[PDB]
């Protein structure tokens, strides 16, 4: 049995051929929108300080000006080509977008004395790349204001690389965000972060080769940046009212809090002077995720559609062009009004149809099966295709949000873990060789869907079964070939790759400098997750922390192996008090500063049982960002 990337099968290639028939020949239209406004194209490479490639558009050369392979769905192929159109873009004078040098875009407005920015890109390396391309056709000006459209890494991540941390702590540089920015940014990207990062490797297929048999696109971009630095710098102006007009450096900004939609903290941005609406990530030219593959809190389709409807109302007529922080803009008032209404109708449908079926008694997989397409004319639009988010996932995601993972059927109340259930299903079907045969029968029958369900149990029951991995991976690869959904493809490809070759060595949050923005309370929130309950039981203790610089007081309490904290108080009878400053912690947190060293320097002062601090730090786990996904631990 082979561990090589197989070609498209008879059945795969045919399925893809059929798609050519079913796709509407209203082509070129969108291509015209992709290309319009282009100044300096980019098809090169971006490197970090050590010389490693962080972004590389050149690897996608194969998509360009060619027809679709059988190893790719034609619809996705098209979308993949569109995201290939990258570089520097003029919308209107004084208004620029840098596309295809990050999964995200960067919108820069040429202010009076300086510059106003919308979004910082994913990484400090891409951000400075973006600006570098800008300054190369436009005059050099400093940065007066930055706009975080949402609490998403691909937008706040490139921050520290283009703006100084202290100009924001002082106020010389104003930074605009949505309400509850910091609390949600740190949850998604830090508190469940190790899981999120690793699952994310599947979402964008980051370690998967770029080719027609492998990695082609990520729907709203190509993929993400590799071996680069995730930064985080907290905002100084928190927009908390539903609408707000602010003015800075001679630019008028109309903000629309779209909280709870695409991000838990998210806002749109309108520019009166230009007659332009920035929907951020709220209306991309592809169905978005209500539940992201990397893992996040479910999003609200209902609120999502209302916010789009609000945009359509409040700015629908006074807009000539709509620009987003992902993909190309849409030109002409008529077209934006139609676009937004279709976008609204989409998310509204997801919510309403799912809720319709729920009250009809359908369970999440039933619903996903029963709704095969968007209703009416929404089906025929290129910008509502399941390229990023899946109609199916999204329908399940509504059931999740309103009712949960449990389907109501007591037979699904307490499912067996994958290893347990695998072993039992294999036995039930006659053992390894019996299922292997059934797998082959299904791969020949071109039922790759069932083959993976079959193979999954087997690989989990016996991960040493080399013929099971090879088969499972082939079945997945085929599913990746057939799928319209750029994200699904990435996941099926990364699946196959890791079934075959194991888990590659790479940390998504290796270079990360996001722990700088962490307040002490967010830090101890992290330590609570880090703490090993089982070891910690028996070692009950209380710890006082006084942050002399921030004049902050936190009371940590470890009881029954559970860690809890009180911000703004101190326990009198605490076992130890730790007097220090934010930066001192910062270096203990990034492992720069040795425990016994710190006490000698005078940088950490102790009152009580010092051996308690040491023993408390001993009780912390560290998380490997390199865990198994398609086979069992470790």
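Positions refer to the first chain, counted from 1.
Higher mean CA temperature factor, per the PDB entry, when comparing 179-187 with 537-545: 179-187.
The deposited model assigns a higher average Cα B-factor to 501-509 than to the other stretch when 501-509 and 302-310 are compared. Per the PDB entry, 91 shows the highest C-alpha temperature factor of the residues 341, 91, 397, 493. Per the deposited coordinates, the residue with the largest Cα temperature factor out of 354, 253, 468, 277 is 253. Ranked within its chain, residue 349 lands in the lowest third, by CA B factor from the PDB record.
Ranked by Cα temperature factor within the chain, residue 281 sits in the middle third according to the deposited record. In this PDB entry, residue 579 carries a Cα temperature factor that places it within the middle third of its chain's modelled residues. Compared with the other modelled residues of the chain, the Cα B-factor recorded for residue 389 ranks in the lowest third. Annotation for residue 295: CA B-factor lies in the lowest third of the chain's modelled residues.
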